[PDB]
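Chains as they are written, first to last, in PDB author numbering: chain A, 411 to 461; chain B, 1 to 31, 35 to 184, 206 to 226, 244 to 502, 510 to 645, 654 to 670, 682 to 756; chain E, 355 to 404.
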Amino acid sequence: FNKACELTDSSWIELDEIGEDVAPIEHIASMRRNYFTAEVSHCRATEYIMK
Amino acid sequence: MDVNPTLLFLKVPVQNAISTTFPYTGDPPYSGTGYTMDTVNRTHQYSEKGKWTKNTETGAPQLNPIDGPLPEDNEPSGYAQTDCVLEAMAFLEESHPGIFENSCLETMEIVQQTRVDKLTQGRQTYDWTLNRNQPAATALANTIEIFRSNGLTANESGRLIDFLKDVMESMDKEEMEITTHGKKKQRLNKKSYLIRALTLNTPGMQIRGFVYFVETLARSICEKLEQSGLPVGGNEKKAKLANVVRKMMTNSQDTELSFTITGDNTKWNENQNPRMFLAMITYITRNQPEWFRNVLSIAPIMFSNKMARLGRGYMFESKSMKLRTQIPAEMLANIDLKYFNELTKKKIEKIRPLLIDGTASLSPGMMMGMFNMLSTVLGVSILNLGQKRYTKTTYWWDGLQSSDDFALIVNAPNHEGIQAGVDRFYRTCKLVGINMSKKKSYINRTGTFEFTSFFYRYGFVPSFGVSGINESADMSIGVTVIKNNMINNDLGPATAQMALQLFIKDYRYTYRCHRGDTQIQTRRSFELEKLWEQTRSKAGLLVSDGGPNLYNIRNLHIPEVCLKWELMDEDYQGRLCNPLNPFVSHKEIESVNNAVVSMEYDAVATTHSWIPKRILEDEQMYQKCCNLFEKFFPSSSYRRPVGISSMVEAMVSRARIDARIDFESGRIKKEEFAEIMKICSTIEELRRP
Amino acid sequence: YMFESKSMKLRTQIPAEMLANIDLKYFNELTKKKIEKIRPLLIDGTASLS
């Protein structure tokens, strides 16, 4: 678990596309989602997800 | 740093991070006759001090604990009292004036207008014709066929109650001859037929009717009560909790000490004696037509004589020859026990007397379901014996019940008062028949509690992917779910967008719909590649085809085809929305946008609306006739036809009429017309006998 | 200055005293040139005008 909660040198998850953002709430949602994906796209748990 | 995620609760309240306490986001991959024997034995151990009678009809030993000795310990017990249940129901009626009388009439309209097809809507049911599980519709068909062969055809009226008259008439027949298609006919003795009729499974088609009327009466009652949240879902149960809590914790004075008793009832389906349900339906249906008391009081009568079937059996294996048999449950009664282990030895020895031709005699209990809603009424009866009028003292209680889920509040003036109130509620429940679970219930001052996975703390706090029906019926179901959860279950914006992204990834990986520009190689790749070159505007392409996405949050409700309409090519519109497709298929208004998942989704019936691949003598006889009639009368698939002629007469009349208007229009080449008319004459002749 | 985000519906204001450090991306080209040319003369929020 300790290792699975660690970052790595990669971007393991490549998610699909989403339509353009027009709703002032859609922009906030995109900002939050981008922050999360950036903070989590490297975790070895994501590597296990993919594998 | 040894990471310990649970320590996160040291800063965030548990209710505000309870998500992390639910491990599985879907259905776990993991999952016998031993369990059935255990459930049969434990029920009889909870009623040891009960009368041991011998049903003279089914020939089974039955156990009657009602009006038995009062419990002498906290252990679970089912020695419920008729006086107490009747008094509880009477006090319930007084609090809610004219509830039973008003609800019986709303059930009168349903016990008469209901057809015999309501016994098909459901799940797998035991089939007394073959002693084998088998779908609901086919089980009903088999039962009807056997009844017709035996001469019980009053079910031809199309009324459910007439079918019930037929099953009760059968219950008196001396022999029921079953014809199986080799063509072997077997005759059942009256006794042999009875046990096969009063049999649960690990419940027959002869009990779906009465238990439907009892359940609808219970639902009608529960809708009126505001202390019952069973005949509701989601937003409804999220309002009753708030109302009750805000009612009780707004004490007019600081004297009142509120306390909530979040908890459950143990063995809730092994102590609810059917005889007790008969003794509260004979009260609910008071001063009602005597034919309305003999139809709602049959299932309780039948459930108290039920002969549960053990199941498959145990397998015997030798470590030398590595053999494996099954030991069918029938022979367990007459067998040498040296083979079995110790625990199985004790279980089979205990249950041996109760066996009758391989069938249990679980009289003193009620299996899961089967008045899941009447038991809710019983439970709310005792949540009503706390209204400060039937207590006569300072402490009073309220709450909700959802069939073994209650959130009882015990307002009182001091801690001793709260303890006395909890004790009295527990004792009353034990008298009525409800055994509270002391290993899962915790009492804490009001403000935070839990009710069937609804975690209330000063405020409230598996359906993502391809459903797998069509290609356009999934890009609608998934997007509809992503907004249903975003409106109801508080799913937020960013989570919604993430779910949409992952849903589209699953969509494109399951239907091989990856965009044309990307270079993932699959069977459908080449075709999509070509389709990605012809088109001038590529935004219009459906995600099902090689095409982009446009669903963010502001159009999660718009169906896809109407979303990409201005962006679509005319040469593409023509092919996509071509009513002469060989793929589009829908033969009923039922499934013209309705997936079992039953969900109401939006679709535009494009070429992506295709359908995936997959006792009577001819199981399709009814299907053949109905398909032919639909052919003759196209509106047979939309509106239930109404008429007085027989099917053959109507079909031949329309066949004659259509031909005449056709030959008069020159589209039938007279020689064909004469042949059609002579064929109609032949069919009409065949109808004379 | 007054900055308006028309995709978020936001209307914020930048006081003149912050013109000495604010990143020169929000403004248009002409205002960017003006700010760049005047920055060397900014002392204590004012601008020498000898």
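Even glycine gets a Cβ: it sits at the ideal position worked out from N, Cα and C.
- Exclusion of the five residues before and after B/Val-529 leaves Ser-511 as the residues of its chain whose Cβ lies within less than 6 angstroms of its Cβ.
- Here B/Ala-144 is not near B/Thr-128, since their CB atoms are 8 angstroms or more apart.
- Bounds of the alpha helix (DSSP H) holding B/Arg-727 are 714-730.
- Contact between the region 402-418 of chain B and the region 58-73 of chain B is present, with at least three C-beta pairs closer than 8 angstroms.
- Of the residues assessed, A/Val-450 falls on the exposed side of the cut-off, its CB having fewer than 16 other CB atoms within 10 angstroms.
- In the three-state reduction of the DSSP assignment, B/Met-655 falls in the strand class.
- With respect to the C-alpha of B/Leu-167, the residue from B/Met-179, B/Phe-254, B/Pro-244 and B/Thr-223 having the closest C-alpha is B/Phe-254.
- Taking 8 angstroms as the cut-off, the Cβ atoms of E/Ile-368 and E/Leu-378 do not count as close.
- Following the DSSP letters along the chain, one finds B/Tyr-129 inside the beta strand (DSSP E) bounded by residues 128-130.
- B/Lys-471 sits close to B/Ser-80, with the two beta carbons spaced by under 8 angstroms.
- DSSP links B/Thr-301 through a beta bridge to B/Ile-450 and B/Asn-485.
- Chain order gives the chain A residues near B/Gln-545 as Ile-428, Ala-439, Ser-440 and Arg-443, where near means a beta carbon separation below 7 angstroms.
- In chain order, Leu-611 place their CB closer than 8 angstroms to the CB of B/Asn-603, counting only its own chain and leaving out the 5 sequence neighbours on each side.
- Assignment of B/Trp-613 by DSSP, reduced to helix, strand and coil, places it in the coil class.
- In the DSSP assignment, B/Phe-501 falls outside any alpha helix (DSSP H), carrying neither H nor E.
- Residue burial annotation: B/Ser-585 is exposed, with fewer than 16 other C-beta atoms found within 10 angstroms of its C-beta.
- Ranked by Cα distance from B/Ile-18, the first of B/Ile-423, B/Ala-741 and B/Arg-498 is B/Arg-498.
- For a Cβ distance threshold of 8 angstroms, residue set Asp-431, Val-432, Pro-434 and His-437 of chain A lies close to E/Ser-361, ordered along the chain.
- Per the C-alpha coordinates, the member of B/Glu-716, B/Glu-457 and B/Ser-494 positioned closest to B/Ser-748 is B/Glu-716.
- In the structure shown, B/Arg-468 adopts helical secondary structure according to DSSP, grouped into three states.
- Beta-bridge annotation (DSSP): B/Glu-491 is paired with B/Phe-496.
- For A/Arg-442, the closest of B/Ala-544, B/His-562 and B/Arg-571 by C-alpha to C-alpha distance is B/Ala-544.
- Per DSSP, B/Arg-211 is one residue of the beta strand (DSSP E) stretching across 208-213.
- A distance below 6 angstroms between beta-carbons, with the five flanking residues on each side excluded, links B/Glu-491 to the following residues of its chain, in chain order: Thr-303.
- The three-state reading of DSSP puts E/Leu-396 in strand, counting E and B together.
- When 8 angstroms is used as the limit between beta carbons, A/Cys-415 is near these residues of chain B: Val-3, in chain order.
- Under a 10 Å Cβ-count criterion, B/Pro-341 is classified as buried, with 16 or more other Cβ atoms of the shown protein chains found around its own Cβ.
- In the DSSP annotation of this structure, the continuous segment of the alpha helix (DSSP H) that includes B/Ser-416 starts and ends at 415-425.
- A Cβ-Cβ contact shorter than 8 angstroms links B/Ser-520 with B/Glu-608.
- With a minimum length of 4 residues, the unbroken runs of alpha helix (DSSP H) contained wholly in the region 105-180 of chain B fall at 139-153 and 163-173.
- Contact between B/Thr-117 and B/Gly-352 does not hold, since their C-beta atoms are separated by about 33 angstroms, which reaches or exceeds 8 angstroms.
- In the three-state DSSP reduction, B/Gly-354 falls in the strand class (E or B).
- Contact between the region 280-291 of chain B and the region 412-419 of chain B is not established, with fewer than three Cβ pairs separated by less than 8 angstroms.
- Each of B/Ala-91, B/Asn-77 and B/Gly-71 was checked against the Cα of B/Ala-83, and the nearest Cα belongs to B/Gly-71.
- Interface annotation for the region 597-616 of chain B against chain A: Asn-597, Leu-598, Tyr-599, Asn-600, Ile-601, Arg-602 and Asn-603, criterion Cβ-Cβ distance under 8 angstroms.
- In the structure shown, the three-state DSSP call for B/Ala-349 is coil.
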